[PDB]
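**Student:** PDB entry and its sequence, pasted below:
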Amino acid sequence: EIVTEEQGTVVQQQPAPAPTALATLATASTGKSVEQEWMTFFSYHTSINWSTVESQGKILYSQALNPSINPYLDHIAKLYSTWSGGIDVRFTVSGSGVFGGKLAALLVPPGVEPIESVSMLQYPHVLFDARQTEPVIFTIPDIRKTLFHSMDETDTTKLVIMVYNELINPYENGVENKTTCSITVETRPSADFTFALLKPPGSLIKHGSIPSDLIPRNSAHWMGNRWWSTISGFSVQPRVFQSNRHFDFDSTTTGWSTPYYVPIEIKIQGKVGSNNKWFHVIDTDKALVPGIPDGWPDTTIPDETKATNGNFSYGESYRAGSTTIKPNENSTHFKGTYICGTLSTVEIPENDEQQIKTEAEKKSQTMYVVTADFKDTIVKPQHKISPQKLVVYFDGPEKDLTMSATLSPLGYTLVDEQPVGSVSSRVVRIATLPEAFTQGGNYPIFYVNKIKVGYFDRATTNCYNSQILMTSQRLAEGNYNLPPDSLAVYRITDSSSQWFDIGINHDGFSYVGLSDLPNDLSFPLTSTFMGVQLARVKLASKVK
Amino acid sequence: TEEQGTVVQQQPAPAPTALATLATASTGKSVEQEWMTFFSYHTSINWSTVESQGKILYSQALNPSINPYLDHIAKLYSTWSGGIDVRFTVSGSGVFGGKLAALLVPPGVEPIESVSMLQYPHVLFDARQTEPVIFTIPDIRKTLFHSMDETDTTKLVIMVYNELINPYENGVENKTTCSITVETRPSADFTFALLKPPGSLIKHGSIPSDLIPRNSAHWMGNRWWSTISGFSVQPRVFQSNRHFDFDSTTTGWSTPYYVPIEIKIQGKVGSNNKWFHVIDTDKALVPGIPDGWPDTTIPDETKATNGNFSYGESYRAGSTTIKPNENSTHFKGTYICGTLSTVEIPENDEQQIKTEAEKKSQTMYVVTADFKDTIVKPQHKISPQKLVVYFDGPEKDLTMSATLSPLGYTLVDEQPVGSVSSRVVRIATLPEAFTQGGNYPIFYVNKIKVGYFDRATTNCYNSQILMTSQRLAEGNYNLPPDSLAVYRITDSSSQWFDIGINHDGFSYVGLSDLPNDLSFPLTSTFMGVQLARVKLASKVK
Amino acid sequence: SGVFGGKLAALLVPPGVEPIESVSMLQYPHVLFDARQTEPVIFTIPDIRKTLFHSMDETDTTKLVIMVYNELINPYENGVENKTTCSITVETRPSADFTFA
Amino acid sequence: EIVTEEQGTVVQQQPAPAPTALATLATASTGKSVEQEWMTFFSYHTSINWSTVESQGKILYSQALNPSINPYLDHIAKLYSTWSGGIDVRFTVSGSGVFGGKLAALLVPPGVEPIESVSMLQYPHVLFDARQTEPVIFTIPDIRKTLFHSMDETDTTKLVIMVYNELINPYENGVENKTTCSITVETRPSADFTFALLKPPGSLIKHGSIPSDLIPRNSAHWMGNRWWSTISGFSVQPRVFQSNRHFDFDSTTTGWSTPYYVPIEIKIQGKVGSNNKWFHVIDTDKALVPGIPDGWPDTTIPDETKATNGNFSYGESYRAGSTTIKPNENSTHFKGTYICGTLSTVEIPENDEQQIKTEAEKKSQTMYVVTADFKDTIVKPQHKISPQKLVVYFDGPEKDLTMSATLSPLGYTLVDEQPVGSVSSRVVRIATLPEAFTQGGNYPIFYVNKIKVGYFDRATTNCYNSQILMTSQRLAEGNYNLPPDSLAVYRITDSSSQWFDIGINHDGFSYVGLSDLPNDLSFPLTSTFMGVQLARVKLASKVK
């Protein structure tokens, strides 16, 4: 027969006390009264800085009503598939009695995008003076067209904290920056706020989850998708581009490698009737795209060069110091390649053995991998990866044989001052090269790494990355969505007191509301999710 | 009496209550804690006709963990009390036969797989069940409530009363199975108490219910990064490096991760050898020893003479015998590591080195031993001085820095890597685990790239799964030093066996030897905590 | 066959959530019906919606999922290479409250 | 179908009589009345001798509430796992009507260890006079902070009886004319006493049980820890220590042998051109530690000597009188080794080259086992045992023989006037050496055995032991609970009227309330468990 949800015969057993009496003793000691206690107090949400530089009208905070606003809701929310109701707020400013300045908070209804203008104040708002101690408390109501919110919805009442009267300080002794205080925002679910239908474990969100964890909270977990190094800088450009571990908002990748740094396994061709140092790669074992090994470098060589043997060689122009660099003083042939520590072995043939065994017993050597055309005597650069454009350079065998090696990248063979991946035409476009141009007032940006250089000493050079490894992972494995003309905005803050908003777009690139970005900023960064904003609105910031 | 802060009036007001009503009308909201109005999947049990009387097919102690929702919420609280209903839905054929006994074991008592347990009050359901049986586990306690760390609670046990039997079954060595699904529903008297400050710890320590990944696909070794491929029961297990215990202590010199080894070498004029000394290292846990430096050392002594691989015909695939004498390789028991070396050209005086600086990088073969310029002696007690690298290093007075990443191993013989105390590097002491009362310790095995052979590989032992090492390292776990964190491993077949983790960090098994035919795509699930004195369960053919 | 054994599970997934195939799905309220079930069972798929009505183009509605709860069993099952199977036919009838607008 | 715990159809058997008939016949001849008959009568507990010497303050009785007090309760408690309720205690005093004096009764709360002092009387207390007639019954209430007790709990309420007013006798002639009256204490379970949850027959106890059987009843069963002889004396040292057969309350051992005395199975190697006296041990059959053989003696030679052939040779200043002893007189090269008979049996190769079989036809000889360093020329003492430092000494072979043997410790090569293992430096450690230091007023002790020597007629020397052998076996194979801050106390009573308290600490060492126990002690001793007390509490004793 048919069995419902609680259906079932209940049996009684000997060791069995009085459930109720025990329950009472607990609540007696506990003090239990309401079942959802997190609805009776304010929880720390976030904090935003307020500088003397920002002028009347700037929005220092624009976050939309979502259970995510409250740590507890955000947690329970994972069990449901629908929510509705409002959320209370308690915000306070922590400034010096010496400071001066008003702040205004207002609730904007859905279907409306805020604007950093003073006119927004000709609307009901809450006043908060920098000198106030008593926190102010109000509620972000839940205005909605639907009967209830699905988990993907983002168009909800939005709380906006704008600057009413510019913050002042009677002390102009500051150099890099005058002063600044904190604004903390606490949340408490409102009485009407309630979770709806339960969501069966492990289900997805029919329209795509809100992209709130694309960037890691701590810059210490930031690694680039070009190099496994740890992000250490940003670079604003009028056009960003990359194709390899760059993933689209829909887990799509025009590249040929996964969002993980794994060892590369290839097979090289040993040439008999010839004495060359550059070898071809027959095939690879582990690969996303049939033919191209997963993880094969993203750049090519600068110019055409003969297959002549050689080692490193740089002129006095490169020598220690900081003087101008000369691109013609680089006599390194395998310049622009990737240094890859290796573990190789050779296959000993049957009876038609000539003297391969000798070579097989040889110690492995570091291979200098790269991608480019390779005819008889010349090695031309190629920015169109293919199972036939994989070249390797090293003191390999001179006898016909097939060698297998498992190598892992560790460095780049310096070419010049320019950071790796800076030239479009030098980036291995597998077919289409994803790109992002300046838009409105926001500019695209690369994430800067640090690749170890080969000839110099404990030296390194800068490397551009289109996305942060974790972003690529999340976007590649998860199920995210992003309305038509909008982007996932995040607030990056350094250990100093500077911050700027980064807005990942659908394509996967990050933007900023600045022409340039400083480098003199304490790097133990931290980022928090702000929300989804229209891409036609210049991203906020506070640097220089 | 007074609430901190002042309520102000905003214009856009939540004033409407009808909105709520509408919400409610279209969603059908009733109760606030829906997980209390229905049973939810917990685990499944495959009752076989081979499993005899006395065997325990299920044993769980009352705890939020036995329920999906309960568990996910418990993370928010610091206190819980109350029982939980466990509903068993047996589904076999009406033609079968067999009984299953249920019993509640009070706290402070560990059950054992014996029919003695039935000389205690027990009820029993039959193999041909029609309607589900619900057993409600009482919360017997001597305290007003439970602390999130508490585990000693009432335990529900399901023992095989009468062996399952199938008539239509052949007399030939075969077997039929009767599936049973176990679900849970928190009883009415169940409740979470005080909230816990997010990020805070559990004074006494969180229950170890996540030390082994759910999928064997995420089982990397704490010795070699390759994913686990098999197990090995040994009367004694041991390891030191990258092996953590429940106190989060480590007798090793490496962290629970795999990172590049930044090293610093130095060559001197006139050296007919190729073995070098390590003078310094950047990133390091134990001052002076590079983080991640291999845990194995060279087998025997040998002159520090240049050489290449070389194995007699006793290593040709096909011979079930290997004479360790044919192996003339000098850098035996060495770890192959890709490299990226650079040279420090001294001040403007004599750039005769700029020649050795422009040379292409070589892959160094690392090991740990004592270095008397003439002969290299195997040392199992690591120290910043016993760090030794071997390759075609410069024969000129120099100081070279290198960054390597282990990729393989210089084969020595058929025996797996680190399967012998003597060859296991350590600092102070060497952690170990011996068989104790029917529970034998194990080694997690994984494959590691080898010497000059083809795409060949040899077996490598590991005391912990990389993750256990991580969790245990960065976590605040805990369990009585007389107990084990038990997990149940199930292969892609009807085979399974329990694994108990020692407080020291080693794993045990209730068998003296595990099978080979294990369909490896594995899955683990936390069972709970058991006294070590009890033989770990298992069902293997 | 009356000799069989096994049970299927019936779920009702809310709109706006795509179900995944996994046991974890059973950690959600569900109804069971045994293999030897006789009289047909009728599940009504309720129209849970966030709008006042539907548009002919809408597709994100409530969903009824049927999944294996307890493997199908046959006492005469000789082995793995001796698969056994029974049929289940699904039919629809518009609910009392169904309406074109 | 579901079968409950008593479910079942009862069938009547043909050949069966009427129960009621036989039933009464029983009740009639047996006199059966109630069920827990032990609830209806006081059972002996202990007795108190109140003499005119004990002054105001002296505690004559201090019992803690615990089912163990009553032989009946104690037995029933074994089926259960929970208890709660009090226990009535009856004191029956019988002194002359001519006497005078008063005792005081206190009820100490749980969680507070009472001290012996008059200040104790500054607490509510009841008095009863020496000429009291009808017994007094004090009920020890179960004051607890938990809902019920666990069989392992011991920190309960405590009833103390102390001298309030000295005992007086008008005929008391003086101080050397002690007078005394008896008080007998009995127990009867209180109305509210109750055993709670039953425990499944084979189940194990998660929290060990109370240590009440760690020291056997009669000293006749007190075998040693180091040696197998029967204990015959004690030694109060400011620091005790041992590591071999010594066992921890956690059932752990830093030793290499089990808590039993079994024969030793080693294997001696003999090659030509090597040593013809001291030999190295190779493998072993029975062993706890992978290399070291179970039972291998835990002592080493006093000084370093050369591998020279020798025999017993003690100066005349030994057993010929009561003279002293000089370490120079004794020149027995193998001094310090353990004498132990054996069963020799050498192997024979398929091609017996040398005269091997000639040896295999030789009568086995007694070996002189020990743990020391060996470089074929010199034998130096090494307390750090290992599967290497295992050396034996005797005549042995010469050719290339692989002789296997089976030893059996019987004696010891005398060395000094001091007992065996009385020196830390000489005790074979292995990694760490367990030890127990003086603790305020409790001094650790050594159990003194009597091991046999090897030259003096039938004389023997004293051998030290860290714990009675049974104590070791039980801590080994058992599961006992004891809070480190406390120690399991035992009353040792002499064959006369002498006694002293012995407390075992968590580590496994026994203590005493004295700094030196007397020599004259009729050794047919007896023991009786008292309970668990704090370590910072001087143990009782009525010696001298």
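**Tutor:** Done, it's in. Numbering: from 1, shown residues only, chains lettered A, B, ... in the order given.
**Student:** pick out the residue in chain A sitting closest to chain B.
**Tutor:** With C-beta to the nearest C-beta as the measure, residue A:341 is the residue of chain A nearest to chain B, at 1.5 Å. Heads up, the C-betas are built off the backbone N, CA and C, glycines and all.
**Student:** show me what the helix or strand encompassing that residue is packed against.
**Tutor:** Residue A:341 is part of strand A:338-346 when elements are defined by DSSP states H and E. When contacts are defined as 3 or more C-beta pairs under 8 Å, 6 or more residues apart in numbering or on different chains; DSSP states H and E, strand A:338-346 packs onto helix A:356-360, strand A:367-371, strand A:401-412, strand B:335-343, strand B:398-409.
**Student:** same thing but 6 Å
**Tutor:** Applying 3 or more C-beta pairs under 6 Å, 6 or more residues apart in numbering or on different chains; DSSP states H and E, one finds that strand A:338-346 contacts strand A:367-371, strand A:401-412, strand B:335-343, strand B:398-409.
**Student:** and those strands as a markdown table, adding mean neighbour count?
**Tutor:** Output for these, formatted as a markdown table (neighbours: other C-beta atoms under 10 Å in any protein chain shown):
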| stretch | mean neighbour count |
| --- | --- |
| strand A:367-371 | 27 |
| strand A:401-412 | 23 |
| strand B:335-343 | 26 |
| strand B:398-409 | 23 |
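**Student:** as CSV, those with distance to residue D:305 would be great.
**Tutor:** As requested, the helices and strands packed on strand A:338-346 are exported to CSV (distance: least, C-beta to C-beta, whole Å):
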stretch, distance to residue D:305
strand A:367-371, 63
strand A:401-412, 59
strand B:335-343, 46
strand B:398-409, 47
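**Student:** between those strands, which one is nearest to residue D:242?
**Tutor:** Among the helices and strands packed on strand A:338-346, the nearest to residue D:242 by C-beta to C-beta is strand B:335-343 (43.2 Å).
**Student:** spell out which parts of chain A neighbour chain D.
**Tutor:** A:11, A:15 (C-beta under 6 Å from any C-beta of the partner chain).
**Student:** recalculate using a threshold of 10 Å.
**Tutor:** For chain A, the residues in contact with chain D (C-beta under 10 Å from any C-beta of the partner chain) are A:9, A:11-15, A:17, A:22, A:25.
**Student:** next one: the strand holding residue A:341 to chain centre, how far?
**Tutor:** 30 Å (C-alpha atoms, centre = their mean, to the nearest Å).
**Student:** what's the closest residue to residue A:199 other than its chain neighbours in contact with, if anything?
**Tutor:** Computed as C-beta to C-beta, 6 or more residues apart in numbering or on different chains, the closest residue to residue A:199 that is not its neighbour in sequence is residue A:81, at 3.7 Å. When contacts are counted by C-beta atoms under 10 Å, 6 or more residues apart in numbering or on different chains, residue A:81 is found next to A:150-152, A:195-200, A:203, A:205-206, B:27, C:13-17.
**Student:** now with 8 Å?
**Tutor:** A:150-151, A:196-199, A:203, A:205, C:14, C:16-17 (C-beta atoms under 8 Å, 6 or more residues apart in numbering or on different chains).
**Student:** for residue A:90, same thing?
**Tutor:** With C-beta under 8 Å, 6+ apart, residue A:90 has these contacts: A:42, A:135-137, A:185-188, B:5.
**Student:** quick check, nearest of those residues to chain C?
**Tutor:** Among those, and counting by C-beta to the nearest C-beta, the member closest to chain C is residue A:187, at 24.0 Å.
**Student:** wait, residue A:303 touches residue A:381, no?
**Tutor:** Yes. Using C-beta atoms under 8 Å, residue A:303 is in contact with residue A:381, at 6.9 Å.
**Student:** what does the stretch 201-350 of chain A have sitting close to chain B?
**Tutor:** Residues of the stretch 201-350 of chain A found near chain B (C-beta under 8 Å from any C-beta of the partner chain) are A:201, A:263, A:311-313, A:339-343, A:345-348.
**Student:** tell me the two of those that are most distant?
**Tutor:** Checking those with C-beta to C-beta, the most distant pair is A:201 and A:313, at 61.1 Å.
**Student:** skipping adjacent residues, who's closest to residue A:239 in space?
**Tutor:** residue A:437 (4.9 Å).
**Student:** surely that neighbour and residue A:444 touch.
**Tutor:** Yes. If you go by C-beta under 8 Å, residue A:437 and residue A:444 touch, sitting 6.7 Å apart.
**Student:** what residues are shared contacts of those two?
**Tutor:** Joint contacts of residue A:437 and residue A:444 (C-beta under 8 Å, 6+ apart) are A:238-239.
**Student:** look up the closest residue to residue A:267, ignoring the ones flanking it.
**Tutor:** Leaving aside its sequence neighbours, residue A:267 sits nearest to residue A:282 (C-beta to C-beta, 6+ apart; 4.5 Å).
**Student:** that neighbour: what's it in contact with?
**Tutor:** A:266-269, A:402.
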